[PDB]
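Dumped target.cif below, it's mmCIF, C-alpha atoms and all ligand atoms:
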```
data_target
#
loop_
_atom_site.group_PDB
_atom_site.id
_atom_site.type_symbol
_atom_site.label_atom_id
_atom_site.label_comp_id
_atom_site.auth_asym_id
_atom_site.auth_seq_id
_atom_site.Cartn_x
_atom_site.Cartn_y
_atom_site.Cartn_z
ATOM 1 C CA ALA F 1 0.000 0.000 0.000
ATOM 2 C CA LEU F 2 1.182 3.436 -1.015
ATOM 3 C CA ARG F 3 1.626 5.747 1.976
ATOM 4 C CA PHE F 4 3.246 8.760 0.261
ATOM 5 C CA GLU F 5 4.434 9.822 -3.185
ATOM 6 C CA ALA F 6 6.138 12.962 -4.430
ATOM 7 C CA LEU F 7 7.034 14.137 -7.916
ATOM 8 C CA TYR F 8 9.574 16.838 -8.794
ATOM 9 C CA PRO F 9 9.731 16.795 -12.616
ATOM 10 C CA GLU F 10 12.943 18.838 -12.912
ATOM 11 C CA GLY F 11 14.819 16.006 -11.123
ATOM 12 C CA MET F 12 15.558 15.577 -7.410
ATOM 13 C CA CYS F 13 19.043 14.042 -7.750
ATOM 14 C CA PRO F 14 21.901 14.655 -7.070
ATOM 15 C CA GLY F 15 22.146 17.209 -4.289
ATOM 16 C CA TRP F 16 18.820 16.661 -2.531
ATOM 17 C CA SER F 17 17.888 15.286 0.843
ATOM 18 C CA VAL F 18 14.725 13.384 1.653
ATOM 19 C CA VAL F 19 13.962 13.162 5.364
ATOM 20 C CA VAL F 20 11.201 10.775 6.448
ATOM 21 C CA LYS F 21 9.987 10.633 10.036
ATOM 22 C CA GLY F 22 7.560 8.049 11.321
ATOM 23 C CA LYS F 23 7.237 4.671 13.002
ATOM 24 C CA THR F 24 6.043 1.183 12.129
ATOM 25 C CA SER F 25 2.774 -0.262 13.334
ATOM 26 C CA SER F 26 4.210 -3.751 13.774
ATOM 27 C CA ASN F 27 7.418 -5.689 14.197
ATOM 28 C CA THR F 28 6.321 -8.308 11.631
ATOM 29 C CA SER F 29 6.277 -6.392 8.373
ATOM 30 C CA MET F 30 8.425 -3.973 6.348
ATOM 31 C CA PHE F 31 8.383 -0.639 4.560
ATOM 32 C CA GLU F 32 10.180 0.796 1.600
ATOM 33 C CA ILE F 33 11.371 4.126 0.310
ATOM 34 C CA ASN F 34 11.862 4.057 -3.463
ATOM 35 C CA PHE F 35 13.423 6.601 -5.792
ATOM 36 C CA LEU F 36 12.050 6.203 -9.311
ATOM 37 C CA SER F 37 13.465 7.317 -12.625
ATOM 38 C CA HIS F 38 11.611 8.557 -15.694
ATOM 39 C CA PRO F 39 10.707 7.319 -18.231
ATOM 40 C CA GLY F 40 9.804 3.822 -17.116
ATOM 41 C CA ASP F 41 9.260 4.350 -13.389
ATOM 42 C CA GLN F 42 12.337 2.177 -12.826
ATOM 43 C CA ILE F 43 13.569 1.910 -9.232
ATOM 44 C CA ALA F 44 16.905 3.696 -9.040
ATOM 45 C CA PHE F 45 17.126 3.091 -5.302
ATOM 46 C CA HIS F 46 15.018 0.783 -3.128
ATOM 47 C CA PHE F 47 15.550 1.107 0.648
ATOM 48 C CA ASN F 48 13.684 -1.717 2.386
ATOM 49 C CA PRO F 49 13.802 -2.222 6.177
ATOM 50 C CA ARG F 50 12.404 -5.668 6.905
ATOM 51 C CA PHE F 51 11.359 -5.936 10.547
ATOM 52 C CA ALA F 52 10.551 -9.657 10.620
ATOM 53 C CA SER F 53 14.200 -10.463 9.848
ATOM 54 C CA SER F 54 15.792 -7.235 11.116
ATOM 55 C CA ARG F 55 17.532 -6.518 7.822
ATOM 56 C CA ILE F 56 17.772 -3.452 5.633
ATOM 57 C CA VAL F 57 17.846 -4.549 2.003
ATOM 58 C CA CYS F 58 18.875 -2.074 -0.708
ATOM 59 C CA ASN F 59 18.683 -2.691 -4.455
ATOM 60 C CA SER F 60 17.654 -1.272 -7.837
ATOM 61 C CA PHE F 61 15.039 -2.476 -10.335
ATOM 62 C CA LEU F 62 16.403 -1.616 -13.784
ATOM 63 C CA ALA F 63 15.599 -3.170 -17.168
ATOM 64 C CA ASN F 64 12.858 -5.264 -15.544
ATOM 65 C CA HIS F 65 15.089 -7.016 -12.987
ATOM 66 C CA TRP F 66 16.249 -6.632 -9.427
ATOM 67 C CA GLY F 67 20.036 -6.398 -9.191
ATOM 68 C CA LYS F 68 22.396 -7.601 -6.484
ATOM 69 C CA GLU F 69 21.110 -6.975 -2.985
ATOM 70 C CA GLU F 70 23.143 -4.826 -0.634
ATOM 71 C CA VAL F 71 22.232 -5.868 2.889
ATOM 72 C CA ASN F 72 23.318 -3.825 5.857
ATOM 73 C CA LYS F 73 24.976 -5.470 8.863
ATOM 74 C CA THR F 74 23.110 -3.462 11.505
ATOM 75 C CA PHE F 75 19.394 -2.808 11.985
ATOM 76 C CA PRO F 76 19.087 0.504 13.859
ATOM 77 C CA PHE F 77 15.291 0.588 13.957
ATOM 78 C CA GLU F 78 12.925 -0.449 16.689
ATOM 79 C CA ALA F 79 9.386 -1.383 15.797
ATOM 80 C CA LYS F 80 6.733 1.103 16.931
ATOM 81 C CA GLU F 81 9.425 3.646 17.889
ATOM 82 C CA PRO F 82 9.789 6.950 16.007
ATOM 83 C CA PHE F 83 12.713 7.211 13.644
ATOM 84 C CA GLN F 84 14.203 9.692 11.195
ATOM 85 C CA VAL F 85 15.614 8.443 7.896
ATOM 86 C CA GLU F 86 17.550 10.866 5.703
ATOM 87 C CA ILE F 87 18.599 9.971 2.167
ATOM 88 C CA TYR F 88 21.066 12.427 0.627
ATOM 89 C CA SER F 89 22.427 12.068 -2.908
ATOM 90 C CA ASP F 90 25.728 13.223 -4.275
ATOM 91 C CA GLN F 91 27.272 12.452 -7.656
ATOM 92 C CA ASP F 92 28.371 8.985 -6.560
ATOM 93 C CA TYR F 93 26.067 7.632 -3.817
ATOM 94 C CA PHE F 94 22.871 7.743 -1.921
ATOM 95 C CA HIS F 95 23.913 8.314 1.725
ATOM 96 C CA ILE F 96 21.540 6.954 4.353
ATOM 97 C CA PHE F 97 21.290 8.330 7.902
ATOM 98 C CA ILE F 98 19.022 6.916 10.603
ATOM 99 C CA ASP F 99 18.479 8.987 13.721
ATOM 100 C CA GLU F 100 21.393 11.220 12.623
ATOM 101 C CA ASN F 101 23.891 8.358 12.339
ATOM 102 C CA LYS F 102 25.315 7.476 8.941
ATOM 103 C CA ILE F 103 24.342 3.872 8.207
ATOM 104 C CA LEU F 104 25.245 3.039 4.620
ATOM 105 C CA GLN F 105 26.159 4.356 1.184
ATOM 106 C CA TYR F 106 24.633 2.935 -2.013
ATOM 107 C CA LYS F 107 26.543 3.582 -5.218
ATOM 108 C CA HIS F 108 24.419 4.867 -8.094
ATOM 109 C CA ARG F 109 23.484 2.166 -10.613
ATOM 110 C CA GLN F 110 21.085 4.418 -12.532
ATOM 111 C CA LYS F 111 23.658 6.979 -13.644
ATOM 112 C CA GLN F 112 21.037 9.305 -15.128
ATOM 113 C CA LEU F 113 20.553 11.053 -11.821
ATOM 114 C CA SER F 114 18.489 13.934 -13.217
ATOM 115 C CA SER F 115 15.828 11.478 -14.364
ATOM 116 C CA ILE F 116 15.054 10.564 -10.746
ATOM 117 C CA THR F 117 11.881 12.582 -10.308
ATOM 118 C CA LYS F 118 9.694 10.498 -7.976
ATOM 119 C CA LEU F 119 9.703 9.245 -4.412
ATOM 120 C CA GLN F 120 7.335 6.490 -3.180
ATOM 121 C CA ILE F 121 6.943 5.246 0.399
ATOM 122 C CA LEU F 122 5.128 1.936 0.794
ATOM 123 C CA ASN F 123 3.804 -0.486 3.396
ATOM 124 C CA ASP F 124 4.239 -0.467 7.187
ATOM 125 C CA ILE F 125 5.186 3.070 8.072
ATOM 126 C CA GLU F 126 3.010 5.635 9.831
ATOM 127 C CA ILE F 127 4.472 8.858 8.479
ATOM 128 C CA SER F 128 4.747 11.985 10.609
ATOM 129 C CA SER F 129 6.830 14.078 8.183
ATOM 130 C CA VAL F 130 8.421 14.071 4.742
ATOM 131 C CA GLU F 131 10.895 16.822 3.823
ATOM 132 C CA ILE F 132 12.425 17.120 0.348
ATOM 133 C CA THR F 133 15.172 19.756 0.289
ATOM 134 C CA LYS F 134 17.794 20.934 -2.187
ATOM 135 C CA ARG F 135 21.141 20.883 -0.325
ATOM 136 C CA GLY F 136 23.891 21.435 -2.804
ATOM 137 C CA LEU F 137 26.871 19.201 -3.497
ATOM 138 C CA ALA B 1 3.725 23.744 -15.533
ATOM 139 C CA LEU B 2 3.787 21.362 -12.608
ATOM 140 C CA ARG B 3 6.776 21.960 -10.328
ATOM 141 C CA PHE B 4 5.912 19.588 -7.453
ATOM 142 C CA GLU B 5 3.152 17.194 -6.419
ATOM 143 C CA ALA B 6 2.653 15.075 -3.326
ATOM 144 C CA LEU B 7 0.058 12.461 -2.447
ATOM 145 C CA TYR B 8 -0.773 11.207 1.053
ATOM 146 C CA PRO B 9 -3.751 8.860 0.545
ATOM 147 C CA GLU B 10 -4.760 8.684 4.223
ATOM 148 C CA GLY B 11 -5.545 12.440 4.109
ATOM 149 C CA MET B 12 -3.302 15.397 4.974
ATOM 150 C CA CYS B 13 -5.972 17.623 6.566
ATOM 151 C CA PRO B 14 -6.660 18.849 9.218
ATOM 152 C CA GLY B 15 -3.627 19.073 11.469
ATOM 153 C CA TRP B 16 -0.837 19.166 8.889
ATOM 154 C CA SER B 17 1.608 21.823 7.838
ATOM 155 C CA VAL B 18 3.038 22.257 4.367
ATOM 156 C CA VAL B 19 6.130 24.453 4.232
ATOM 157 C CA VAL B 20 7.360 25.543 0.798
ATOM 158 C CA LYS B 21 10.622 27.421 0.355
ATOM 159 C CA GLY B 22 11.753 28.905 -2.923
ATOM 160 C CA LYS B 23 11.779 32.032 -5.059
ATOM 161 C CA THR B 24 10.278 33.236 -8.323
ATOM 162 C CA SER B 25 12.250 33.582 -11.520
ATOM 163 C CA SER B 26 10.399 36.719 -12.597
ATOM 164 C CA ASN B 27 8.278 39.578 -11.351
ATOM 165 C CA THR B 28 5.814 39.179 -14.252
ATOM 166 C CA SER B 29 4.178 35.840 -13.573
ATOM 167 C CA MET B 30 2.565 33.873 -10.727
ATOM 168 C CA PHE B 31 2.626 30.556 -8.910
ATOM 169 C CA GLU B 32 0.077 28.484 -7.104
ATOM 170 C CA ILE B 33 -0.116 26.000 -4.282
ATOM 171 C CA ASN B 34 -3.238 23.839 -4.547
ATOM 172 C CA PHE B 35 -4.729 21.353 -2.112
ATOM 173 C CA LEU B 36 -6.847 18.793 -3.953
ATOM 174 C CA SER B 37 -9.601 16.545 -2.695
ATOM 175 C CA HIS B 38 -10.454 13.010 -3.781
ATOM 176 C CA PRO B 39 -12.420 11.816 -5.651
ATOM 177 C CA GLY B 40 -12.574 14.417 -8.389
ATOM 178 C CA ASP B 41 -9.269 16.228 -7.878
ATOM 179 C CA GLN B 42 -11.316 19.275 -6.858
ATOM 180 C CA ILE B 43 -9.347 22.255 -5.538
ATOM 181 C CA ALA B 44 -10.158 22.609 -1.853
ATOM 182 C CA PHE B 45 -7.706 25.479 -1.487
ATOM 183 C CA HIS B 46 -5.954 27.485 -4.208
ATOM 184 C CA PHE B 47 -3.245 29.908 -3.008
ATOM 185 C CA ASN B 48 -2.160 32.070 -5.946
ATOM 186 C CA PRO B 49 0.426 34.867 -5.585
ATOM 187 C CA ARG B 50 0.253 36.982 -8.725
ATOM 188 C CA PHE B 51 3.418 39.046 -9.111
ATOM 189 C CA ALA B 52 2.336 41.167 -12.085
ATOM 190 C CA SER B 53 -0.439 42.713 -9.971
ATOM 191 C CA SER B 54 1.049 42.095 -6.512
ATOM 192 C CA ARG B 55 -2.021 40.251 -5.260
ATOM 193 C CA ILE B 56 -2.517 36.968 -3.464
ATOM 194 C CA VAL B 57 -5.746 35.390 -4.678
ATOM 195 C CA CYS B 58 -7.283 32.485 -2.747
ATOM 196 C CA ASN B 59 -10.265 30.412 -3.873
ATOM 197 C CA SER B 60 -11.699 26.906 -4.273
ATOM 198 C CA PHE B 61 -12.750 25.002 -7.403
ATOM 199 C CA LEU B 62 -15.686 22.810 -6.367
ATOM 200 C CA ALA B 63 -18.472 21.321 -8.496
ATOM 201 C CA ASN B 64 -16.724 22.574 -11.643
ATOM 202 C CA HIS B 65 -16.662 26.270 -10.680
ATOM 203 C CA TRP B 66 -14.411 28.777 -9.003
ATOM 204 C CA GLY B 67 -16.065 30.351 -5.963
ATOM 205 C CA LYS B 68 -15.727 33.840 -4.530
ATOM 206 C CA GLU B 69 -12.176 35.134 -4.550
ATOM 207 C CA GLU B 70 -10.546 36.089 -1.277
ATOM 208 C CA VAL B 71 -7.861 38.635 -2.077
ATOM 209 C CA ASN B 72 -5.328 39.658 0.512
ATOM 210 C CA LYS B 73 -4.592 43.332 1.182
ATOM 211 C CA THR B 74 -0.815 42.944 1.472
ATOM 212 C CA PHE B 75 1.710 41.281 -0.835
ATOM 213 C CA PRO B 76 4.656 40.205 1.342
ATOM 214 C CA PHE B 77 6.698 38.635 -1.448
ATOM 215 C CA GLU B 78 9.530 40.067 -3.465
ATOM 216 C CA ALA B 79 10.272 38.630 -6.868
ATOM 217 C CA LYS B 80 13.511 36.641 -7.101
ATOM 218 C CA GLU B 81 13.919 36.725 -3.299
ATOM 219 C CA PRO B 82 13.691 33.536 -1.210
ATOM 220 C CA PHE B 83 10.530 33.075 0.789
ATOM 221 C CA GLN B 84 8.958 30.524 3.112
ATOM 222 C CA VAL B 85 5.234 29.812 2.860
ATOM 223 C CA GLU B 86 3.603 27.648 5.523
ATOM 224 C CA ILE B 87 0.032 26.407 5.187
ATOM 225 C CA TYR B 88 -1.362 24.859 8.372
ATOM 226 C CA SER B 89 -4.868 23.400 8.614
ATOM 227 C CA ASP B 90 -7.099 23.153 11.625
ATOM 228 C CA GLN B 91 -10.754 22.134 11.766
ATOM 229 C CA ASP B 92 -11.929 25.536 10.552
ATOM 230 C CA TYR B 93 -9.252 27.206 8.382
ATOM 231 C CA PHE B 94 -6.149 27.016 6.342
ATOM 232 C CA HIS B 95 -3.695 29.407 8.063
ATOM 233 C CA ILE B 96 -1.073 30.979 5.819
ATOM 234 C CA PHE B 97 2.301 32.251 7.066
ATOM 235 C CA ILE B 98 4.903 33.947 4.878
ATOM 236 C CA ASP B 99 8.390 34.371 6.280
ATOM 237 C CA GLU B 100 7.007 33.436 9.729
ATOM 238 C CA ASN B 101 4.331 36.147 9.739
ATOM 239 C CA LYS B 102 0.679 35.141 9.716
ATOM 240 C CA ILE B 103 -0.877 36.601 6.566
ATOM 241 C CA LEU B 104 -4.387 35.226 6.152
ATOM 242 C CA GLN B 105 -6.893 32.559 7.143
ATOM 243 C CA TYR B 106 -9.116 30.803 4.585
ATOM 244 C CA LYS B 107 -12.234 29.131 5.934
ATOM 245 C CA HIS B 108 -12.785 25.580 4.704
ATOM 246 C CA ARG B 109 -15.330 25.331 1.881
ATOM 247 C CA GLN B 110 -14.618 21.649 1.210
ATOM 248 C CA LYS B 111 -15.700 20.351 4.609
ATOM 249 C CA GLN B 112 -14.517 16.808 3.887
ATOM 250 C CA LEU B 113 -11.051 17.587 5.157
ATOM 251 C CA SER B 114 -9.854 13.971 5.223
ATOM 252 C CA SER B 115 -10.385 13.722 1.470
ATOM 253 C CA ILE B 116 -7.644 16.303 0.870
ATOM 254 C CA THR B 117 -4.859 13.956 -0.164
ATOM 255 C CA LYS B 118 -2.855 15.885 -2.776
ATOM 256 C CA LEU B 119 -0.696 18.975 -3.011
ATOM 257 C CA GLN B 120 0.293 20.562 -6.361
ATOM 258 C CA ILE B 121 2.672 23.489 -6.889
ATOM 259 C CA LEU B 122 2.517 25.130 -10.308
ATOM 260 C CA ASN B 123 4.144 27.809 -12.444
ATOM 261 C CA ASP B 124 6.787 30.398 -11.511
ATOM 262 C CA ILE B 125 8.443 29.067 -8.400
ATOM 263 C CA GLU B 126 11.943 27.625 -8.125
ATOM 264 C CA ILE B 127 11.520 25.282 -5.178
ATOM 265 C CA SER B 128 14.286 24.732 -2.640
ATOM 266 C CA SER B 129 12.268 22.694 -0.115
ATOM 267 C CA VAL B 130 8.861 21.163 0.540
ATOM 268 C CA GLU B 131 8.053 19.823 4.017
ATOM 269 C CA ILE B 132 4.779 18.048 4.815
ATOM 270 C CA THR B 133 4.433 17.446 8.558
ATOM 271 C CA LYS B 134 1.722 16.193 10.899
ATOM 272 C CA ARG B 135 1.399 18.807 13.680
ATOM 273 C CA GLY B 136 -1.640 18.011 15.715
ATOM 274 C CA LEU B 137 -4.609 20.253 16.425
HETATM 275 O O1 LIG P 201 16.147 -7.241 -3.715
HETATM 276 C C1 LIG P 201 15.046 -6.438 -3.309
HETATM 277 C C2 LIG P 201 13.756 -7.164 -3.602
HETATM 278 O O2 LIG P 201 13.792 -8.393 -2.842
HETATM 279 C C3 LIG P 201 12.650 -9.219 -3.183
HETATM 280 O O3 LIG P 201 12.723 -10.356 -2.402
HETATM 281 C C4 LIG P 201 13.830 -11.229 -2.708
HETATM 282 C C5 LIG P 201 14.488 -11.631 -1.415
HETATM 283 O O4 LIG P 201 15.052 -10.473 -0.734
HETATM 284 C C6 LIG P 201 15.558 -12.621 -1.634
HETATM 285 O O5 LIG P 201 16.035 -13.161 -0.379
HETATM 286 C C7 LIG P 201 15.066 -13.784 -2.445
HETATM 287 O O6 LIG P 201 14.181 -14.518 -1.659
HETATM 288 O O7 LIG P 201 14.403 -13.376 -3.695
HETATM 289 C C8 LIG P 201 13.310 -12.458 -3.430
HETATM 290 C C9 LIG P 201 12.611 -12.130 -4.737
HETATM 291 O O8 LIG P 201 13.453 -11.407 -5.621
HETATM 292 C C10 LIG P 201 11.365 -8.468 -2.857
HETATM 293 O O9 LIG P 201 10.261 -9.299 -3.254
HETATM 294 C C11 LIG P 201 11.317 -7.136 -3.510
HETATM 295 O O10 LIG P 201 10.118 -6.440 -3.056
HETATM 296 C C12 LIG P 201 12.530 -6.331 -3.215
HETATM 297 O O11 LIG P 201 12.597 -5.992 -1.833
HETATM 298 O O1 LIG P 202 -10.309 32.776 -8.574
HETATM 299 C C1 LIG P 202 -9.108 32.057 -8.827
HETATM 300 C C2 LIG P 202 -8.974 31.803 -10.308
HETATM 301 O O2 LIG P 202 -8.931 33.099 -10.946
HETATM 302 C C3 LIG P 202 -8.950 32.941 -12.388
HETATM 303 O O3 LIG P 202 -8.871 34.207 -12.936
HETATM 304 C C4 LIG P 202 -10.029 35.037 -12.707
HETATM 305 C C5 LIG P 202 -9.556 36.397 -12.266
HETATM 306 O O4 LIG P 202 -8.849 36.316 -10.995
HETATM 307 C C6 LIG P 202 -10.678 37.343 -12.127
HETATM 308 O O5 LIG P 202 -10.200 38.692 -11.915
HETATM 309 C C7 LIG P 202 -11.522 37.373 -13.367
HETATM 310 O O6 LIG P 202 -10.785 37.982 -14.379
HETATM 311 O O7 LIG P 202 -11.957 36.036 -13.802
HETATM 312 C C8 LIG P 202 -10.819 35.156 -13.997
HETATM 313 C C9 LIG P 202 -11.312 33.818 -14.519
HETATM 314 O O8 LIG P 202 -12.105 33.135 -13.562
HETATM 315 C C10 LIG P 202 -7.737 32.129 -12.826
HETATM 316 O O9 LIG P 202 -7.820 31.955 -14.250
HETATM 317 C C11 LIG P 202 -7.651 30.829 -12.113
HETATM 318 O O10 LIG P 202 -6.409 30.170 -12.501
HETATM 319 C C12 LIG P 202 -7.711 31.002 -10.639
HETATM 320 O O11 LIG P 202 -6.563 31.692 -10.156
#
```

Would you put the structure from the file into structure tokens?
Amino acid sequence: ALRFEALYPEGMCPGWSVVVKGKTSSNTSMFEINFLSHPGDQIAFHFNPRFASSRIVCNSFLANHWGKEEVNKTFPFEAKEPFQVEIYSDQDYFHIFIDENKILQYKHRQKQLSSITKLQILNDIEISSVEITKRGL
Amino acid sequence: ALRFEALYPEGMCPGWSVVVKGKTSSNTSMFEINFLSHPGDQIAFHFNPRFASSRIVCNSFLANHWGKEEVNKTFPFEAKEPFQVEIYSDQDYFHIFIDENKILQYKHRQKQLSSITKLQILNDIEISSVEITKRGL
């Protein structure tokens, strides 16, 4: 289920931050934050905290396939507890921060950064805030 | 031209703030921030700073017609200068703040507040940030 979507047709990458605040309803499910590229609504970056297994899975869905999963070692979320996730893009990576700690970097696979125009947030997250802000390099 | 859109299907009214930061490119045009209700994509609240005439026009587009315009006395924008617009909804009004000053209140005409799920920002605004945050009553 779609919880939030945003569209910025001029392109929200690189040099933008997305800050999502909220909490899960359960410890048995998952949510995702996806950055989509146009045309095709391909998934440039999929950030998928899975609470049942306590793993963050990151990947891309390009040319109709999921690529190699990048799975984080730590799981710095607690179910039903408020969190802040920030995703900041530079020319080389998405940088992920949770509760103001840097957690992981994900190297761009979709190199056409300016075609990333859409953000989708799905599944088990009760959102309290979404901020989309142009930062600079 | 669409500059930004957001969708929050559970309803982003009442008790939410939208904070838009940016600046115009010209002093000859206009921009708008629209709150849309579902179904129908009706315009519950249209906030339309018109720089050519230095007037903020507010209205609603319901049942296929614009209603009575509510035109503000002051015009606290300057073309090409960064501004912050906050729109906060309670049970009775949209409250508009520009650069942290309260400017106007617009009484709800679309009373089905929970059906307001979409935000659109159009025309002459170069956006630097959009924040959508659940505040409370
Ligand atoms: O790689 C991200 C996608 O994973 C898909 O699930 C994988 C799963 O992680 C893996 O362990 C294996 O079982 O194959 C599954 C199917 O590709 C998700 O279904 C998808 O939503 C993404 O999260
Ligand atoms: O009321 C908001 C809409 O106004 C429309 O323009 C009006 C205009 O403000 C008024 O002075 C008169 O000329 O009738 C026009 C047409 O209804 C805009 O076209 C529309 O976009 C809204 O801003």

Ground truth for the PyMOL selection byres (((chain F and resi 24) around 9) and not hetatm), written as a ChimeraX atom specification: /F:22-23,25-27,29-31,78-82,124-127

Distance table requested - chain F against ligand LIG 201 (chain P), cut-off 9 Å, only C-alpha atoms and all ligand atoms: one row per qualifying residue with the closest atom pair and its distance in Å to one decimal, ordered by chain and rising residue number, as a Markdown table.
```
| residue | atom | partner | partner_atom | distance |
| --- | --- | --- | --- | --- |
| F:32 | CA | P:LIG201 | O11 | 8.0 |
| F:46 | CA | P:LIG201 | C1 | 7.2 |
| F:47 | CA | P:LIG201 | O11 | 8.1 |
| F:48 | CA | P:LIG201 | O11 | 6.1 |
| F:49 | CA | P:LIG201 | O11 | 8.9 |
| F:50 | CA | P:LIG201 | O11 | 8.7 |
| F:57 | CA | P:LIG201 | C1 | 6.3 |
| F:58 | CA | P:LIG201 | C1 | 6.4 |
| F:59 | CA | P:LIG201 | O1 | 5.3 |
| F:60 | CA | P:LIG201 | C1 | 7.3 |
| F:61 | CA | P:LIG201 | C1 | 8.1 |
| F:65 | CA | P:LIG201 | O8 | 8.7 |
| F:66 | CA | P:LIG201 | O1 | 5.7 |
| F:67 | CA | P:LIG201 | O1 | 6.8 |
| F:68 | CA | P:LIG201 | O1 | 6.8 |
| F:69 | CA | P:LIG201 | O1 | 5.0 |
| F:70 | CA | P:LIG201 | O1 | 8.0 |
```

Give me the residues near residue 19 in chain F as JSON, numbers by chain, where near means some atom within 10 Å (using all atoms listed in the file) and where sequence neighbours in that chain fewer than 2 positions away do not count. {"F": [16, 17, 21, 84, 85, 86, 87, 88, 96, 97, 98, 129, 130, 131, 132, 133], "B": [131]}

Counting all atoms listed in the file, which residue out of B:53, B:1, B:102, B:8 sits closest to chain F?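 Smallest separation from chain F among the options: B:8.
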
Could you write out as a PDB file with C-alpha atoms, in the frame of the given file the residues that the PyMOL selection byres (((chain F and resi 14) around 12) and not hetatm) matches in the shown file?
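Below you can see result_22.pdb, which holds the result:
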```pdb
ATOM      1  CA  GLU F  10      12.943  18.838 -12.912  1.00  0.00           C
ATOM      2  CA  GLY F  11      14.819  16.006 -11.123  1.00  0.00           C
ATOM      3  CA  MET F  12      15.558  15.577  -7.410  1.00  0.00           C
ATOM      4  CA  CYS F  13      19.043  14.042  -7.750  1.00  0.00           C
ATOM      5  CA  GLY F  15      22.146  17.209  -4.289  1.00  0.00           C
ATOM      6  CA  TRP F  16      18.820  16.661  -2.531  1.00  0.00           C
ATOM      7  CA  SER F  17      17.888  15.286   0.843  1.00  0.00           C
ATOM      8  CA  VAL F  18      14.725  13.384   1.653  1.00  0.00           C
ATOM      9  CA  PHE F  35      13.423   6.601  -5.792  1.00  0.00           C
ATOM     10  CA  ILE F  87      18.599   9.971   2.167  1.00  0.00           C
ATOM     11  CA  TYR F  88      21.066  12.427   0.627  1.00  0.00           C
ATOM     12  CA  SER F  89      22.427  12.068  -2.908  1.00  0.00           C
ATOM     13  CA  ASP F  90      25.728  13.223  -4.275  1.00  0.00           C
ATOM     14  CA  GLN F  91      27.272  12.452  -7.656  1.00  0.00           C
ATOM     15  CA  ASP F  92      28.371   8.985  -6.560  1.00  0.00           C
ATOM     16  CA  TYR F  93      26.067   7.632  -3.817  1.00  0.00           C
ATOM     17  CA  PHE F  94      22.871   7.743  -1.921  1.00  0.00           C
ATOM     18  CA  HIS F  95      23.913   8.314   1.725  1.00  0.00           C
ATOM     19  CA  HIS F 108      24.419   4.867  -8.094  1.00  0.00           C
ATOM     20  CA  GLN F 110      21.085   4.418 -12.532  1.00  0.00           C
ATOM     21  CA  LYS F 111      23.658   6.979 -13.644  1.00  0.00           C
ATOM     22  CA  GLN F 112      21.037   9.305 -15.128  1.00  0.00           C
ATOM     23  CA  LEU F 113      20.553  11.053 -11.821  1.00  0.00           C
ATOM     24  CA  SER F 114      18.489  13.934 -13.217  1.00  0.00           C
ATOM     25  CA  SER F 115      15.828  11.478 -14.364  1.00  0.00           C
ATOM     26  CA  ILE F 116      15.054  10.564 -10.746  1.00  0.00           C
ATOM     27  CA  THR F 117      11.881  12.582 -10.308  1.00  0.00           C
ATOM     28  CA  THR F 133      15.172  19.756   0.289  1.00  0.00           C
ATOM     29  CA  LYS F 134      17.794  20.934  -2.187  1.00  0.00           C
ATOM     30  CA  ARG F 135      21.141  20.883  -0.325  1.00  0.00           C
ATOM     31  CA  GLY F 136      23.891  21.435  -2.804  1.00  0.00           C
ATOM     32  CA  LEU F 137      26.871  19.201  -3.497  1.00  0.00           C
TER      33      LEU F 137
END
```

Rounded to one decimal place, report the CA of residue 4 in chain B-CA of residue 71 in chain B distance in Å.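 Between CA of residue 4 in chain B and CA of residue 71 in chain B the gap is 24.1 Å.
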
Please, what is the axis-aligned box for every listed atom of ligand LIG 202 (chain P) with 8 Å on each side, as centre and edge lengths in Å to one decimal, as AutoDock Vina command-line options?
```
--center_x -9.3 --center_y 34.4 --center_z -11.5 --size_x 21.7 --size_y 24.5 --size_z 21.9
```

Please rebuild range 38-45 of chain B with N, CA and C atoms and give the result as a CSV table (one decimal), keeping the file's coordinate frame.
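Result saved to selection_36.csv:
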```csv
chain,number,residue,atom,x,y,z
B,38,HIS,N,-10.2,14.2,-3.1
B,38,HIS,CA,-10.5,13.0,-3.8
B,38,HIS,C,-11.8,12.5,-3.3
B,39,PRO,N,-12.6,11.9,-4.2
B,39,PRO,CA,-12.4,11.8,-5.7
B,39,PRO,C,-12.7,13.2,-6.3
B,40,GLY,N,-12.3,13.3,-7.6
B,40,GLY,CA,-12.6,14.4,-8.4
B,40,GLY,C,-11.4,15.4,-8.6
B,41,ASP,N,-10.4,15.3,-7.8
B,41,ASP,CA,-9.3,16.2,-7.9
B,41,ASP,C,-9.8,17.7,-7.9
B,42,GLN,N,-10.8,17.9,-7.0
B,42,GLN,CA,-11.3,19.3,-6.9
B,42,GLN,C,-10.3,20.1,-6.1
B,43,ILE,N,-10.3,21.4,-6.3
B,43,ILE,CA,-9.3,22.3,-5.5
B,43,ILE,C,-10.0,22.8,-4.3
B,44,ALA,N,-9.7,22.2,-3.2
B,44,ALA,CA,-10.2,22.6,-1.9
B,44,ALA,C,-9.6,24.0,-1.5
B,45,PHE,N,-8.3,24.2,-1.8
B,45,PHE,CA,-7.7,25.5,-1.5
B,45,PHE,C,-6.7,25.8,-2.5
```
